[PDB]
Ligand SMILES: Nc1ncnc2c1ncn2[C@@H]1O[C@H](COP(=O)(O)OP(=O)(O)OP(=O)(O)O)[C@@H](O)[C@H]1O
Ligand SMILES: Nc1ncnc2c1ncn2[C@@H]1O[C@H](COP(=O)(O)OP(=O)(O)OP(=O)(O)O)[C@@H](O)[C@H]1O
Ligand SMILES: Nc1ncnc2c1ncn2[C@@H]1O[C@H](COP(=O)(O)OP(=O)(O)OP(=O)(O)O)[C@@H](O)[C@H]1O
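Chains as they are written, first to last, in the deposited numbering: chain F, 29 to 185, 209 to 504, 513 to 585, 599 to 623, 630 to 777; chain E, 29 to 185, 209 to 777.
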């Protein structure tokens, strides 16, 4: 036989004392591994560490050969989750007697009802062998009818920790509050809801979805057939799937399995059917079982494409038949993780299989603040400044991106702080080092957001349109009672017409920044994107070009034909909608009727304030005191040029400087003069006059 | 040898002595398994729990090693059908002795004439191994009834069923009445023509066509005619074809072999046809065996297609040879399920291969009602207080719903009921919450028909009260679309069919599509919307394909209505016929509405702004026979529209009689007054924001803002186009 794989399972009957340090290995396996029942053996996940618990005969033969029963206390020491691989090693080192051990309490209660006439004996009757974990749940110990947890944090006198057998008189018992085990052994710590981010709605939905079949499957089976079993997690990558599934597996006492998917299927062999059947049979063997699937889309892509694969078809068919035959009254739940909803196979994403859909939204500034505070609390904050206002400012300054590799920002900030402190103090101890915020800001700028592959100070705005934009974003939304009682349709935005080089893009960026909600621009020449507007709900949608689709050509025709369905969807929830155009005369006559485009606003060159702000922002990279520019003469000279030619001027000046004196420390007026003379009068007056005529005829 | 698989087989004789706990295993494999004859072995389907049975020596030679022999009883424990996969394990556990057991036969009234000892002697021969699933014959001498049987219920004291050891002294048998098997053991319930219904003409025909070859070959031999070889079951997806195959396999004791789609094909050359040959040889080894093929279209497509290749042609050729070759013969039947028969190779669809073709159709109202009744009776008593009229109403509310979607609807209703039980009832016991009409009414949302997924858009929620128009048009349209449906027998005796056509010509903003969208929303029948320029494509023939697909979907989705948006966009180039695309589109439209193939369920409704370009071919009776002026509405309709619009406004506070406003509204068109009211509201909220009462100032501002908008020349043209008929 040679069993090279073993699993774990909690013992029944709720054994006390004798439950610890016992591994009821099969007698055939026990004799095969030349280990006596009265001997110490190493049980644990392969290649990681060991626990050194005493093996057992196994009592009756009704138990499966592969599985060995272990108590929950031992498993929690090395974070041995249900269904983890186990390995037995014959060699053993005699454990020395424990001396001057120390014990702690997980809860905050300390020095209360210190009887110790049975607690000390408890550490002796449980077959000895004291581990740093010692998660105690046996008997009923309390002080005023309240459960408490006792942890033997440390015992100092290739495994998780050296084995020590407790002795009645050779060691002294000291009690203190630690709330955690000693960090010298660096034992794994199970994840808790305190360490993870907030995600209140998502975590609540996931908890309800997991809980509903878990505790009452009999009622679902009696009421009907095919209860919900499949749970699908999708959204943007990096938001957290492996971490949350690990958390929900740790918090549950049911059997779990790790199914990556590439390892389950054997390439060019077609053994995925047998592998999946064996996995599901093992899951069905134990009533409490959890099925975890990672990257299900990669395992089973869409069947529409001819390149999906015959092995993909086989695995889809076997998954379908196994889900059909898994039964209804069983207490089984399947959790599937996928990268994008589009890559999910359409047959799998059908009613009756994955109805309970769980999605993780893009974290906002509040979620970023919450996760930052949670991480700072988890990290040792004996020195780090709390600074709620600083955290809020950092979160607001950061561009809106999903909670991906956010801990990497803290890691690189710590690295920068270490590098600064080493040079500052000539290799001093960490306790004397100081942590600042400039390094964190520099690291955050360097790493940059990776979600895609603007600020009100960065991009200015015109005051004339500020009141109108505020009205459009507030009155329909902030006070909808008047519209509801008067039956008045929402304005549904306005039409902005202006030259490509004017401040229309600047106005759009100012609107986006003032809204405070991230958005993706929709190109003119470029159904799925439009459908996502309703699903998200509170957001902003902007169209860069509408003139092309107003009257490629096929894409423009499709967009202008589907705009009719867009209006119907937008009628129910207008929220806010804006668009831009270059040829106003191409717009449809039926699109100018009241109730869809109530008002039309003309946009032109940026004002003096916006021009000054843009000049200051583009000069921020350069220097102002050495250059001597007042940031106003340039604006006066190039007021009518365009709203974006200043970037070209700065680029030309920088290029001239770097080709005239190589590395640059200051920028002289000669480069600016050359840039100004290079390009003159980019805009045209005739097209602006046409815009003015259109504005006049509009009303 | 290394035998890693086993197959169940029946005993040649009834084996009156040892019906139960008998499994013949070859001595060679048994010796290699280190299992003695007096040792228990668990056997069961792969991926499921096993059933323990005592090992038995094989019947000398001429006995296959792979097969394991059972007699009608061990197979029925886990609903093991002949030909299913089996797995053998050497792990055995001694079971406790049985005590206080009860036996009750299904389909039989509680009677005490069994003498209570003849059944006991049968249990003595069992010699242990007592499980809740046992099926016997009880011989004879029982009320003179030949077709009776007895089944054990359970016993009151990692296996599919709990095994107990029978003892005559302490058996303590008690008689009781109960249906099928106990649900607390989660045993596989043997289904036999319970869920499938509404296709009697088809299901009994299939049953006869399956029964006659296998069970009555003597008449075929005497008549000199070859028995049927293959039956093809083709139909729309979600019609229960796989369920039909499963039930027809379960209802018979045949050696079924199942292959499901691309699960057999592989990139390795010489493997798909080898597996098919092995399957056919195994089927031919046993006379009563049945071969089942699922998704034959994806396995053996047409060779005429240029994208097929060579492996597809080879697999098609080997399938044809195995079905009918010089050396290919037997006493087997092949069942193939597919969605489209066109993709199937014509050589496969030959009377020698597939003489009988089964065309599964979309369930009708009676079939849907039968399926719903069966689904609701599946849970039997103690719930479902709804009577037959509620089920009939639910069935009538669904038109294009396939049988697959009804199970999903029931599951959604159940889960919604469970979710609602956590709210107001505050986690009360679910044994008394039962099922109400409100639950299914709420669950009716967020579910779509299987064949009506992609082309369906967001459902409008506009009713009759929201819209306002002339009563004549709405009454005529309601009567035209409801009389064939409300009273079909009246038209049957009268011998008059539906007009199937109607045209609405009028000026824009004349209340035409709104009277159609609201009708589609209220009626509840399937609705299809076709836009004007949407069908127009640069490539020639794409529009024709789209129109044909839309018409086929309408035909296959029960009687419905097709409404065209901006049908005036297509025209014969305004003079004669020059562009080929427009002429082809028009000709295809006429052919689809009325051509060689006759369609009656769907009713065509269209609205055109300018009927001048519509030729007499489209205007002839039988396509767009009905014509309605659909001009401006009367004073009452406009007054109702204004009252509905003013209903949001404080009518009591304002106190205006709006009679002069009614006249002013009559002075304009339909959408013009709505735009006037919207612009007046916008002007009011821009001038003095919210107002408790709307005065005449804002209304006059709207009147001066929007002037005219309609010219009388089109009104005169419509009047003459309505009056020149005579
Ligand atoms: N909500 C969160 N709260 C706290 N930390 C988080 C959160 N989401 C992500 N993280 C951090 O980011 C890491 C990335 O998450 P995880 O390892 O679960 O990957 P994933 O997003 O599921 O994977 P993939 O890149 O394949 O989409 C986590 O290990 C954790 O450190
Ligand atoms: N006529 C019917 N009566 C009762 N239940 C039905 C009927 N048709 C379908 N169902 C239910 O809907 C399910 C869907 O059918 P099934 O999965 O067997 O596929 P199918 O309809 O044969 O289609 P496909 O071609 O996609 O395999 C069935 O398992 C059954 O529960
Ligand atoms: N009786 C009415 N009540 C309310 N609104 C109306 C009425 N008649 C017209 N309208 C308004 O005018 C629009 C056009 O009317 P309708 O839906 O009848 O279009 P139609 O006659 O099919 O014409 P087309 O689609 O070619 O513009 C409606 O969507 C609605 O906003």
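Cβ atoms here follow ideal geometry from the backbone N, Cα and C, with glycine treated the same way.
On a Cα-Cα basis, can you pick out the residue from F:555, F:115, F:66, F:647 that is closest to residue 769 of chain F?
Closest by alpha carbon: F:555.
Check whether the Cβ atoms of residue 731 of chain F and residue 749 of chain F lie closer than 8 Å to each other.
The answer is yes: Cβ separation under 8 Å.
Quick one: what's got a C-beta closer than 7 Å to residue 48 of chain F's C-beta in the same chain, skipping five residues either side?
Closer than 7 Å at the Cβ level, and outside the excluded window around residue 48 of chain F, lie 99, 101, 102, 154, 155.
Can you round the beta-carbon distance between residue 373 of chain F and residue 320 of chain F to whole angstroms, since I take them to be within the 8 Å contact cut?
Not really, about 19 Å apart at Cβ, beyond 8 Å.
Any heavy atom of ligand 2 closer than 7 Å to the beta-carbon of residue 695 of chain E?
No, Cβ of residue 695 of chain E sits at least 7 Å from all heavy atoms of ligand 2.
Could you check where the alpha helix (DSSP H) with residue 563 of chain F kicks off and where it finishes?
First-last of the alpha helix (DSSP H) with residue 563 of chain F: 563-574.
Is the Cβ of residue 393 of chain F closer than 8 Å to any Cβ of chain E?
With 8 Å as the cut-off, residue 393 of chain F does not count as an interface residue toward chain E.
Quick one, which of F:466, F:78, F:658 has its alpha-carbon nearest residue 619 of chain F's?
Ranking F:466, F:78, F:658 by Cα distance to residue 619 of chain F puts F:658 first.
Of the residues F:567, F:584, F:34, which one's Cα is nearest the Cα of residue 576 of chain F?
Out of F:567, F:584, F:34, F:567 has the C-alpha closest to the C-alpha of residue 576 of chain F.
Output yes if chain F places a C-beta closer than 8 Å to the C-beta of residue 318 of chain E; else output no.
Taking Cβ atoms only, chain F reaches closer than 8 Å to residue 318 of chain E, which makes this a yes.
Taking the CB atoms as reference points, tell me whether residue 342 of chain F and residue 316 of chain F lie closer together than 8 Å.
The answer is no: Cβ separation not under 8 Å.
Residues of chain F with CB closer than 9 Å to the CB of residue 469 of chain E, please, in chain order.
Per Cβ cutoff of 9 Å: 263, 267, 270, 271, 274.
What are the start and end residues of the alpha helix (DSSP H) that includes residue 748 of chain E?
Where residue 748 of chain E is concerned, the enclosing alpha helix (DSSP H) stretches over 747-756.
If contact means a Cβ-Cβ distance below 7 Å, which residues of the region 734-759 of chain E contact chain F?
Residues passing the 7 Å Cβ filter: 736, 741.
Taking the C-alpha atoms as reference points, what is the distance between residue 393 of chain F and residue 666 of chain F?
Distance between the alpha carbons of residue 393 of chain F and residue 666 of chain F: 34 Å.
Take residue 353 of chain E as the anchor and find which of E:229, E:367, E:346, E:345 has the nearest alpha-carbon.
Checked all of E:229, E:367, E:346, E:345; the closest Cα to residue 353 of chain E is E:367.
Using 8 Å for Cβ pairs, my map puts residue 144 of chain F next to residue 224 of chain F. What's the rounded Cβ distance?
Indeed they touch by this definition, with Cβ atoms about 7 Å apart.
Rounded C-beta distance between residue 183 of chain E and residue 158 of chain E? I'm assuming under 8 Å.
Correct: roughly 6 Å between the Cβ atoms.
State yes or no: is the C-beta of residue 349 of chain F within less than 8 Å of the C-beta of residue 291 of chain F?
Contact flag unset, no.
Is it the case that the Cβ atoms of residue 744 of chain E and residue 705 of chain E are separated by a distance below 8 Å?
Yes, these two residues count as a Cβ contact at 8 Å.
Let's see if you can read the secondary structure: which residues bound the alpha helix (DSSP H) around residue 343 of chain E?
Note, residue 343 of chain E: premise wrong, no alpha helix (DSSP H); beta strand (DSSP E) at 341-345.
DSSP three-state call for residue 76 of chain F: helix, strand or coil?
Looking at residue 76 of chain F - three-state DSSP - the assignment turns out to be coil, as it is neither helix nor strand.
Compare the C-beta of residue 336 of chain F against all C-beta atoms of chain E and say whether one is closer than 8 Å.
At least one chain E Cβ lies under 8 Å of residue 336 of chain F.
Give me whichever residues DSSP pairs with residue 281 of chain F in a beta bridge.
For residue 281 of chain F, which the question treats as bridged, DSSP gives the partners F:385.
Looking at the structure shown, is residue 699 of chain F part of a helix, part of a strand, or coil, going by DSSP?
Here residue 699 of chain F sits in coil by DSSP.
Quick test of the definition: if touching needs 3 or more C-beta pairs under 8 Å, does the region 110-129 of chain F touch the region 34-50 of chain F?
Short answer: they touch.
For residue 729 of chain E, would you say it is in contact with chain F, using Cβ-to-Cβ distances shorter than 8 Å as the test?
Taking Cβ atoms only, chain F reaches closer than 8 Å to residue 729 of chain E, which makes this a yes.
By the three-class DSSP mapping on this structure, what secondary structure does residue 257 of chain F have?
Three-state DSSP puts residue 257 of chain F in a helix.
Can you confirm whether residue 465 of chain E, when its beta carbon is compared against all beta carbons of chain F, has any partner nearer than 8 Å?
At least one chain F Cβ lies under 8 Å of residue 465 of chain E.
Under a Cβ-count criterion, where at least 16 other Cβ atoms within 10 Å of its own Cβ denotes burial, should residue 490 of chain E be classed as buried or exposed?
Buried, since its Cβ has 16 or more Cβ neighbours within 10 Å.
When the cut-off is 8 Å and only beta carbons count, does residue 388 of chain E lie next to chain F?
Closer than 8 Å: no.
For the region 122-131 of chain F against the region 213-220 of chain F, are there 3 or more C-beta pairs whose distance is under 8 Å?
Yes, they touch.
For residue 617 of chain F, which residues in the same chain have their Cβ closer than 8 Å to its Cβ, ignoring the five residues on either side in sequence?
Once the five neighbours on either side are set aside, the close Cβ partners of residue 617 of chain F are 582, 583, 584, 658, 659, 660.
Residue 420 of chain F touches chain E at which residues, Cβ-Cβ below 8 Å?
Going along chain E, no residue has its Cβ under 8 Å from residue 420 of chain F, so there is no contact; the nearest lies around 33 Å.
What residues in its chain sit with their C-beta under 8 Å from that of residue 529 of chain E, if we drop five residues either side in the sequence?
For residue 529 of chain E, where only same-chain residues beyond five positions count, the Cβ hits under 8 Å are 570.
Does residue 293 of chain F pass the burial test, meaning 16 or more other C-beta atoms within 10 Å, or should it be called exposed?
Exposed, because fewer than 16 other Cβ atoms sit within 10 Å of the Cβ of residue 293 of chain F.
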